[PDB]
Amino acid sequence: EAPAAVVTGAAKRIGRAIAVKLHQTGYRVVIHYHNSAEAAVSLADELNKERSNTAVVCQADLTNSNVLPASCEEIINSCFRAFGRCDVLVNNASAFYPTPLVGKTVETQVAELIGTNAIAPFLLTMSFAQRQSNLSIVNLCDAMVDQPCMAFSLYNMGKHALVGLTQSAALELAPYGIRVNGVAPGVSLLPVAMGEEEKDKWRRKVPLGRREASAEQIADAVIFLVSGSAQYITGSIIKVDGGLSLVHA
Amino acid sequence: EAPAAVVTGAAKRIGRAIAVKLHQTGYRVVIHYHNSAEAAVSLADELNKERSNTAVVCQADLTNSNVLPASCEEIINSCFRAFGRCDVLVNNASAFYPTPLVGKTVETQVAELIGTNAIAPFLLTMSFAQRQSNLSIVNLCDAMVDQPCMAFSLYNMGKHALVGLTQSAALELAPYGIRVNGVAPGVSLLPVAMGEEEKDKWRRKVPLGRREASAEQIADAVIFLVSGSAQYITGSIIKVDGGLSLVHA
Amino acid sequence: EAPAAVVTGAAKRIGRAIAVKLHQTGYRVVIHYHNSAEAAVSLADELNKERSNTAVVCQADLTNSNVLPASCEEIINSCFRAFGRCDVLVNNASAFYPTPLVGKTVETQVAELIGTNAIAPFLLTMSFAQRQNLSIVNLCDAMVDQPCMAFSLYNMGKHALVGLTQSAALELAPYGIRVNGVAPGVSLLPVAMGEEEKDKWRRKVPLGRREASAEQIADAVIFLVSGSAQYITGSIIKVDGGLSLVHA
Amino acid sequence: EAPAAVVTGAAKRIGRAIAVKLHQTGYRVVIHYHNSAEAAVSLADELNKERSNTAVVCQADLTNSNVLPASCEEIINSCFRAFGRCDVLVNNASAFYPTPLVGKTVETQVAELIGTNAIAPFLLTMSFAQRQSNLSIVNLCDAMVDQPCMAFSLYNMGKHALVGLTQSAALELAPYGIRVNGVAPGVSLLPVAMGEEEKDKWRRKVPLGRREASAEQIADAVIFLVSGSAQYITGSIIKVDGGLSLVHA
Ligand SMILES: NC(=O)c1ccc[n+]([C@@H]2O[C@H](COP(=O)([O-])OP(=O)(O)OC[C@H]3O[C@@H](n4cnc5c(N)ncnc54)[C@H](OP(=O)(O)O)[C@@H]3O)[C@@H](O)[C@H]2O)c1
Ligand SMILES: NC(=O)c1ccc[n+]([C@@H]2O[C@H](COP(=O)([O-])OP(=O)(O)OC[C@H]3O[C@@H](n4cnc5c(N)ncnc54)[C@H](OP(=O)(O)O)[C@@H]3O)[C@@H](O)[C@H]2O)c1
Ligand SMILES: NC(=O)c1ccc[n+]([C@@H]2O[C@H](COP(=O)([O-])OP(=O)(O)OC[C@H]3O[C@@H](n4cnc5c(N)ncnc54)[C@H](OP(=O)(O)O)[C@@H]3O)[C@@H](O)[C@H]2O)c1
Ligand SMILES: Nc1nc2cccc(-c3ccccc3)c2n1Cc1ccc(Cl)c(Cl)c1
Ligand SMILES: Nc1nc2cccc(-c3ccccc3)c2n1Cc1ccc(Cl)c(Cl)c1
Ligand SMILES: Nc1nc2cccc(-c3ccccc3)c2n1Cc1ccc(Cl)c(Cl)c1
Ligand SMILES: Nc1nc2cccc(-c3ccccc3)c2n1Cc1ccc(Cl)c(Cl)c1
Ligand SMILES: [Cl-]
Ligand SMILES: [Cl-]
């Protein structure tokens, strides 16, 4: 039997690259999505024509709410429903926008940036472990967590909380043989709405090649962490940042 | 006039010592409480008997909700109402208990462990800065953040979040001359819930004197950070842990 | 033609496993050693049986002195004379013993613990870079911020190696030379160490209650030098079973 | 009886401001120097005019050699000879200059940058402890140690080794009640050789006030760490960097 993986926010960009690379290694995959129904279904179709019955979609909003635990339990349940097992959880889904200290309410911003980035990852981890061989969880972290961007405090808080979850769950789940690790991009695929001239300003700051990470380059690191080549690795966050985090002001 | 300080969770233990010490240095103080009304009023009385009209109490329940933004606004407001200024915010209020990955509802667990530990400090920081000399904020961090205790993931996530806030807010509020720093205790006042045979097992682990920090040792570090002796210091987290975080397994 | 790797302290233990896995990946290998000539030679022979003229040995002491720069220049040179190229440098060699703050002279302890752990890696990095998927992998310590009692000079050396890893990543990036670290927690324990003591350390490891095999450490090194890690530089991968996350 | 302090590289700049403040706090001081003979003697005079018999000078080259241990033992001996005691060691002396990977030999560069920045602090710590109340050591670290400057690898290596020393000695010297801590500046007093346009380029990067730390601001943090207000603090490195280490590329 082939192993199964849940990837959150897997319809496009980095999430899709990870689901594709997992599927290419031989994983059956759950492609979780929020609004990107069209993109997600088309990915699933794509992968299913490669191998029949190896990809399903799963819709869920990961905003913090009182029914977030139910939603996260369901995401994991969908993997068991489809594939009778769940071996890998990748926490990739992320809300991302500024929340200046000095549109949406603050209660919504906390709910979205903390829920999707930290609370849903925590709840998914609970459901993944409670439902339970190379078992592991990989969290998409931020290489730049300790050199935060101006006006992004809630996002930064959620990514910091994600590091704590990675480390706490690695420690707590190690007795059950579940590894928990992180992949920390610096700059990878830039926001869709960003202009080119702004994109280059940011690219030029990367010491290694003055370019952003490709989605595949990020995916390669997730693949390593789930493989038998990382069997003793738990609680590690691998930066994939071409040295961005080492560059002073 | 005398500068004014807000200390959250100021009725007992560490918050009390901070409020007492700020007051001895010459601050006017807001003693915030949620449950401990009697103890907060008792403190204010002792501080006022020392210097008239220098200590007031403020009630606010710091558990994450749609009304947490209002509670946090109120706390900052009560300082400006009492003293006509707010120079110092000490984010000291803290919920603390386990949340095993494998009682309260998890919605309540998140409200308290992320709500009061990280979201309230964010909202208090916003309101402090919105309302604005030696201005600073001091956050009660955890020196053991990167060596988390088993089954304490939500606690640990909120304290990780707090580091993110400290660093993000330090950066974003610097242009206002607002400094944002942390004090990170190791072992503090051991739970009266705990016994004594157990209490020493945790005590003997501290390299410096095999004892816990007093609340006043913690407060000393807060006093330093708010003083004119730390006017170039922002984004720094001072461990007051007697060497604890440095001890390997 | 196949790429070429230099592995310091390659005769035994972690160094041997890395040299083997590199060789198995298709690398030609320079096997550096200090005192383990028999093990370094018999490793070269075994590898050369597998693929002819793919392994050589190179002797050098990595202690700090006025001749260390020449010794490190010669290690790098040997890879070029053997194989006509040098694509990978693994800084693995390590002196390891306690240096309490309160019968080697202290200046010898500095020479050995700082020279081999930090200074020799720096000089090798210099020679490697001047001579040019190029990368360097330094063997760091996952426990670098939770130091053992009475290992200050060892701990200083390993902390300095983090500095080197990050400084050289930044400085060599314009040449497309990546520089990374692999940080073990507990790996191969002294074979002389009593089993009962061996078990006190293993039990502290959350993942599996055992030390890392040499091969598991090597796997991280293989990942970092591969095409799967081409955007990775200045990164230090812990291979510690969660050890560094365990409080007192 | 007054306590006694050793400050290395105390003739000028930050070491001098540290000696001056220790002296103002009540300490007797050993003013160590290498080359700055006139300045060191000039400081001891200033200090002795203020309180007679409270300052001495001590010459030593702190470059790594087989006599470096004898020189470090001598610096510590000098304090005991003048004052009968030695309560505080400040490791401040530092060689600083680029050592690119691609007029000094590499031997001398290693000997100076590693010797002064790391080995000499190790040997002074050793001699200090061996010769043995509120005893402590303060090491002058670097806030930017994980964000290195291009071509400063050996200097950065020495500063990294200094962190390991700080933490290692904190653990090892705790049972003797000797605390070991660090002060980590970002930019303070800029190089003499440096031109003014360059100075303002670097100055402009500091979020808190767009200026470098004064020597006195660095000394304030050292004073806190040696004081009774830091008795439970060991193994801690306080940044005094105005937020510099928090700024992304
Ligand atoms: N890209 C970078 O430069 C970079 C840098 C640092 C860290 N990271 C981290 O790496 C990961 C992948 O990066 P990315 O750029 O590919 O991410 P992204 O495009 O910003 O987000 C990935 C997915 O997150 C999902 N999402 C957003 N809000 C959600 C919600 N409320 N509920 C459920 N899902 C929600 C979206 O799914 P739908 O489209 O279905 O709505 C989105 O497609 C993220 O976790 C990110 O934070 C990336
Ligand atoms: N084992 C662990 O639990 C662990 C944990 C943390 C970090 N590490 C690090 O991982 C790396 C490999 O570990 P290991 O345990 O396999 O190492 P090791 O057996 O302790 O040492 C490996 C080799 O280093 C060489 N070496 C020692 N002193 C030298 C000198 N003065 N000049 C030149 N070479 C010298 C020796 O070569 P010869 O035998 O030829 O004389 C020795 O065999 C090391 O850098 C180590 O510090 C290991
Ligand atoms: N921007 C900053 O200033 C900054 C930033 C980060 C960290 N730091 C650290 O903070 C500390 C103080 O900074 P600073 O700028 O005042 O330092 P500095 O002026 O550059 O050097 C301090 C003193 O160390 C002495 N010294 C140099 N080489 C020596 C040797 N080979 N043997 C004995 N003594 C030697 C010199 O003494 P003589 O003059 O008597 O010859 C010098 O006056 C240093 O440890 C530094 O690394 C400073
Ligand atoms: N890793 C990360 N965390 C971020 C938090 C808020 C904003 C960004 C961001 C995203 C795109 C372009 C610039 C900053 C964030 N990024 C990407 C990033 C951050 C800093 C820098 Cl200097 C770069 Cl070139 C990219
Ligand atoms: N700083 C901190 N964060 C914690 C998170 C969960 C539990 C504890 C804790 C508190 C009291 C006694 C034991 C563990 C936590 N502590 C206190 C603590 C942690 C680790 C150790 Cl070895 C000790 Cl003696 C005290
Ligand atoms: N990573 C590392 N750095 C060390 C520095 C000095 C000594 C040891 C060591 C080695 C073998 C057994 C115990 C400590 C060192 N180790 C291995 C180690 C360290 C701490 C712990 Cl709790 C374990 Cl189990 C292994
Ligand atoms: N803290 C520190 N460590 C250094 C290592 C090498 C060079 C410098 C340096 C000093 C003066 C001006 C620029 C870089 C170093 N500094 C000062 C410094 C480093 C980075 C930045 Cl952006 C700044 Cl304004 C100052
Ligand atoms: Cl896409
Ligand atoms: Cl409260």
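Here is the naming used below: chain letters follow the sequence lines, and residue numbers restart at 1 for every chain. Side chains included, hydrogens not; waters and symmetry mates left out as well; all remaining heavy atoms used.
- A distance of 7.5 Å separates CG of A:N64 from CG of B:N64, quoted to the nearest 0.5 Å.
- When B:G158, B:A129, B:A151, B:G235 are compared by the number of non-hydrogen pairs under 4.5 Å with chain A, B:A151 comes out ahead.
- For chain A, the option among B:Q132, B:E172, B:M126, B:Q147 with the highest count of heavy-atom pairs below 4.5 Å is B:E172.
- Minimum heavy-atom separation, A:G164 to B:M157: C-CG, 4.3 Å.
- Looking at A:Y176, the atoms closer than 4.5 Å to chain B (heavy atoms on both sides) all sit in the side chain, from C-beta outward.
- Side-chain contact between B:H160 and A:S168 is absent, with no heavy-atom pair separated by less than 4.5 Å.
- Nearest heavy atom pair, residue A:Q130 against residue B:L101, reads NE2-O, 3.4 Å.
- Closest non-hydrogen pair, B:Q167 versus A:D146, comes out as NE2-OD1, 2.9 Å.
- Looking at A:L68, there are no atoms closer than 4.5 Å to chain B (heavy atoms on both sides), in backbone or side chain.
- Within 6.0 Å of CD in A:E1 there are more than 12 heavy atoms belonging to other residues, nucleotides or ligands.
- With rounding to the nearest 0.5 Å, the separation of OG1 in B:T105 from CG in A:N66 is 7.0 Å.
- When heavy atoms are compared at a cutoff of 4.5 Å, A:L162 does not approach chain B at all.
- Contact tally against chain B (heavy-atom pairs below 4.5 Å) for A:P148, A:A161, A:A170, A:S127: the top residue is A:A161.
- Per-residue counts of heavy-atom pairs under 4.5 Å with chain A were compared for B:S65, B:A169, B:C149, B:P100; the largest is that of B:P100.
- Residues B:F122 and A:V106 meet the side-chain proximity criterion, which asks for heavy atoms closer than 4.5 Å.
- Closest non-hydrogen pair, A:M150 versus B:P175, comes out as CE-CG, 4.2 Å.
- One finds the CD atom of A:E107 at 8.5 Å from the CG atom of B:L123 (value rounded to the nearest 0.5 Å).
- For B:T125, the part lying near chain A is the side chain, with the backbone staying farther off; criterion is any non-hydrogen pair under 4.5 Å.
- Residue with the most contacts toward chain B among A:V145, A:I119, A:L154: A:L154 (heavy-atom pairs, distance under 4.5 Å).
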